[PDB]
Structure formats: structure tokens, C-alpha cells
Amino acid sequence: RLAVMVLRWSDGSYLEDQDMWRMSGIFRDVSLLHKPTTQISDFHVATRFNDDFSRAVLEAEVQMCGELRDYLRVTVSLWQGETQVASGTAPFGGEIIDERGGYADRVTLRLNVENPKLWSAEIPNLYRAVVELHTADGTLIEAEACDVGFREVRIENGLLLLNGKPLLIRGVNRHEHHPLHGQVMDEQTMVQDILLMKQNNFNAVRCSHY
Amino acid sequence: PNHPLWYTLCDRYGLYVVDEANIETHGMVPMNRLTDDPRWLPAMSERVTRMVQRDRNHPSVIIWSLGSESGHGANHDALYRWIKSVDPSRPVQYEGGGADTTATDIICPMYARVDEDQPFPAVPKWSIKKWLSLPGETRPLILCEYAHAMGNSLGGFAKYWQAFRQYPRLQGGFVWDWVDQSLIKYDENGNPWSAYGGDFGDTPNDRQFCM
Ligand SMILES: CC(C)S[C@@H]1O[C@H](CO)[C@H](O)[C@H](O)[C@H]1O
Ligand SMILES: [Mg+2]
Ligand code: NA
Ligand code: NA
Ligand code: NA
């Protein structure tokens, strides 16, 4: 039996003064997650490019918790549909960081991608990155994953660039609102909003304000 | 460069002066044909350097100019740097080759409109308000020529002044121009009349464009 005492007002309320209905409760999903003792505790995916975006390096930093062991490995593999495009395997133990060494509980994997299909609001090309924590001889401990979009966002010479091109933001602020359910969101309403937005020539959304 | 008394009078009466080298090659095709040619650098150089040597002690002179309508050539860049090196006390401007070249401290277009872009190839005339905020642009904008006062004209003059007052980096401009270049001719009874291009048998000519 779980028991949750939810308070409508807290010191947190002072930082939650958004122009919206003021409500309360357990308004997003509740779930139980089972992880092994030796586990992926964090991972960051980065994509860097050459000048004309004909080449990319996917860089994945992976953190573990649990007992550190020589036989431990991370494999990060990148997929386009059912085709594996690139893969990297490494033991734990980051590069030297300062005078006390580096992160023994972290590893960074670097994958080369030639002619990556680029992500944008115009063509949302996505790859799948699978992060496998496993032993040297290939027993899977666990895998986490995410969708990867190869794109570069930068400001240069006063312009916001996506993949080297200046954006024109056709945006809208969107609160999480349902007339019957309040501030509870469901897949169907979310999908409805996205289809209507794109159909009306929107390419951007601001998560106002959270 | 003007008659020398002009600067004395501007010193004493109080007018800001742009002193301008006697260099204009408007009729060349393309406009920079001579100014990009090193063989013409000596001739151009003397038109700039001798002006500076003559007028540099005049307080009324606040800005030096490399001349007028001669495109943009390497000779302009060279003489720009010469003035900057010899007289740091005064900005240098020059409109040729698109009004915002490496040979000018001030964006100084001629007849750029307030709100309307005129995107000519190679030498566009942006809206002055737009021009200021072009990516990377930081310079002040002062039109070297604007509001062409030919005959019944100066339509839209207030639109410039509204923009000048609203935008800090729009710092005004020089109307074109002060006085009609008409000449006196006389009829058979000795009565004077104002004459323009063509009235002296001069041909080809550009008629009333001198006024
Ligand atoms: C496109 C041409 C008319 S050039 C135009 O001629 C004007 C005539 O008064 C002035 O001389 C300007 O300085 C010049 O830009
Ligand atoms: Mg508010
Ligand atoms: Na101003
Ligand atoms: Na003619
Ligand atoms: Na004229």
C-alpha cells in the first residue's frame, strides 16, 4: 500500500505563478521501474558535424551505478530502421579529467556517421540509439534507448541557425489543458494538437511555462 | 574640395562639413574599372592626400570622403587606410560599391528608402531601417544623398525624419541638393532666362537633371 499526502500550496507555489487555472493532485503518470544493481544511471547523446554536414560524430557519454568491474562494457549502436549504421564498444573508465584522475564509472562512445539524414521540423529524420550495458563476452545486463535526430543549433553572426540555415519560427505557446480533465494530458489530445499545428503551418512550440 | 573660404565660413558660422576628394568615375563600365586599377592609384592618391594636407586644421571638417560614384576598387581601401593612419581625428566615408564596403566607417547610401528595399544585384539599396540590423552590421548610417529635390519634389520627406528620430543609429543625411544648376541665357531683348542641359547646343546632354 502506497500513501501520498499531496499539498495544494507549498513554498514551491511561489515559483508557480503561471497565468493558468490553479489546480492540484497527482496529475501525471505514476509508474514502477525495475533496474539491476549494476545499471545505466545516465546517458547523454551529442551530434557534431563538419562544415557541410556530410559527416557527423555521435558522442554518447554513459554513466553507471553499482560495482565497478573490468569485464563491464557499453555498446552504443545506431540504427536507421532495421539497418545498423554504426556501433561502438568500450570498457568503463573515462579520460583523465584533473589531478585525481577521471570518472571510472563513466565511458564515452564515439560513432562516425557518413552523410547523416538530418533532423528538422521539415523532415524529422530520426535514428535509434541503443545503449547496452553488458559483460565482455556479451551477456546483456540492461539496455536503454532514445530517438536521435542529427541536427546542429547555433547562433552565428546574429542569426539562429539549424543545420547551417536561418530559422523562421512559426511558433505557438501551448499550455497543457483539457476542458474535462484539467491539466492531465493524454496521447490523443497531444496528437490532435500536433496535427492541427502542422496543418496550420506551425513548425514550433514553446512549453509555456514548465 | 571647395574654394578655401568655404571652410573658414563653416568654421565661424557653425556647419559640419564632409570634405570630399575630387574623384568620380561614374561613366566607367563597370564603375570601378579605374579605381580597382593600380595604374590609377597615383592619380587618385594625390586627390585624397593633397585634400587632407590642405584642410586638416579646419574644425568644420568632421568627416573625410574618398569621392563619389567610382564603384569600389582596391585603390579606395588603400586610401581609406592612408587617411585613417594620418588623421585618426575624423571618420572616413565612401558610398561606392554598395555603401557599406570595407572602405567606409559610416553606412552612407544614396537614395535608400525608409521602408522599401531595392535589392539590386551586387549593390542592393536596403531599407535604411533594415540595413542597420543586417547580420554583423554595427556602423552608423547617414545617407550621403537622399530626397532628390528635382522640380516638384520632397514627397515623403517626413518619413525620413520620423525614422531618423526613432532609430539611434540612423543619424540623418544630406539632401540632394542645395541649388539648381541652371545657367542664365538672354533672349533677343536681353531678358534673362534659366537654361539647362541642351540649351547651349551641348549634345549628348541630360536636360533638366542639372536642377
Ligand atoms: C541613375 C542615374 C540618374 S544616377 C543619379 O543621378 C542623379 C541626378 O541628379 C544624381 O547625380 C545622383 O548622384 C546619381 O546617383
Ligand atoms: Mg504570468
Ligand atoms: Na537617430
Ligand atoms: Na540626352
Ligand atoms: Na543632377
Side-chain angles (χ1 to χ4, degrees), chain A residues 9 12-23 171-177 182-183 205-210, chain B residues 2 16 18 20 22-28 31 62-63 65 67-70 91 93 95-96 99-100 104-115 125-134 137-184 194-200 202-211:
Chain A
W9 313 118
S13 297
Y14 283 98
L15 306 179
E16 297 173 8
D17 192 41
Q18 291 89 353
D19 176 22
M20 56 183 196
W21 289 100
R22 315 306 172 99
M23 305 191 187
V172 69
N173 295 264
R174 177 185 166 279
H175 271 285
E176 293 181 313
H177 180 83
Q183 301 170 349
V205 65
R206 168 162 180 245
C207 293
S208 58
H209 300 292
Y210 37 71
Chain B
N2 275 28
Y16 305 121
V18 175
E20 186 159 282
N22 185 23
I23 305 166
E24 170 156 353
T25 70
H26 201 155
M28 295 305 303
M31 215 187 301
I62 64 163
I63 294 152
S65 172
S68 158
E69 307 185 293
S70 300
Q93 72 176 49
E95 180 278 340
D100 64 358
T104 190
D105 293 331
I106 300 161
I107 304 155
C108 54
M110 60 176 66
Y111 318 104
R113 296 171 185 200
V114 174
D115 297 310
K125 281 194 209 301
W126 308 115
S127 151
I128 62 179
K129 291 147 85 162
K130 172 185 174 160
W131 208 321
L132 284 178
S133 59
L134 289 183
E137 191 49 74
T138 56
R139 288 169 287 184
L141 190 155
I142 307 176
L143 299 121
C144 69
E145 296 168 34
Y146 82 111
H148 195 256
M150 183 183 175
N152 196 344
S153 194
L154 245 75
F157 197 68
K159 192 176 286 177
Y160 280 96
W161 286 88
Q162 193 282 141
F164 296 166
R165 289 188 170 97
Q166 192 183 3
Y167 286 63
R169 285 171 52 219
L170 292 182
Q171 285 184 267
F174 302 82
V175 171
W176 187 276
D177 63 353
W178 179 243
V179 58
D180 278 353
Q181 297 189 48
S182 51
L183 294 171
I184 290 141
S194 298
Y196 52 77
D199 289 337
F200 294 88
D202 52 307
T203 175
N205 69 83
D206 288 296
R207 46 188 183 79
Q208 71 267 42
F209 272 97
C210 59
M211 303 182 295

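Just so we're on the same page: letters track the sequence lines, and every chain starts at 1. Side chains are part of it too, since the values below use all heavy atoms of this structure and drop only hydrogens, waters and symmetry mates. Start at 1 and go down the list; that is how both ligands and their atoms are numbered.
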Within less than 3.0 Å of the Na ion (ligand 3), how many protein N/O/S atoms are there? 3
Side chains of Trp21(A) and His177(A): does their closest heavy-atom pair fall under 4.5 Å? yes
Between the side chains of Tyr210(A) and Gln18(A), does any donor sit under 3.5 Å from an acceptor? no
Mind checking whether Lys125(B) and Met110(B) have side chains closer than 4.5 Å, heavy atoms only? yes
If you measure only the distance, is there a donor-acceptor pair under 3.5 Å linking the side chains of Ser68(B) and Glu24(B)? yes
4.5 Å side-chain heavy-atom contact, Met31(B) and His26(B): yes
N/O/S atom of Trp176(B) under 3.0 Å from the Na ion (ligand 5), yes or no? no
Is the closest side-chain heavy-atom distance between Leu141(B) and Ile106(B) below 4.5 Å? no
